[PDB]
């Protein structure tokens, strides 16, 4: 995956979290990044088209990460979009629910650029990108 212009949507209700993830992506060379504050905001943005990767918080108001993921996977145009879930604490049941709903990966925050890079690269490889 040599497309540094892959367009990311970073979804989290905390502005600081979104900024952290944006800055880590920038460090890795991914600068084509947009932000959303909950699952509905995310879906509104995704409808505009052109997105290549979603990084979403698990716990958000109004529409949480699991519901956002399910909606993406049920969308014809976006059904195969990579979705990496972010959580403050790994839990077996959450990991399995996310997998059942089609998550591409799951990562615990706080994380470093090297940790994000490994998550992204393993997802790109798994998906044949």
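Residue numbers count along the first chain shown, from 1.
Between 40 to 48 and 97 to 105, the higher mean Cα B-factor belongs to 40 to 48.
Judged by mean Cα B factor in the deposited record, 76 to 84 ranks above the other of 63 to 71 and 76 to 84. Each of 115, 16, 23, 121 has a CA temperature factor in the record; the biggest one is found at 121. In the PDB entry, a CA B factor belonging to the middle third of its chain's modelled residues is recorded for residue 28. Split the chain's modelled residues into thirds by C-alpha temperature factor. Residue 57 is in the lowest one.
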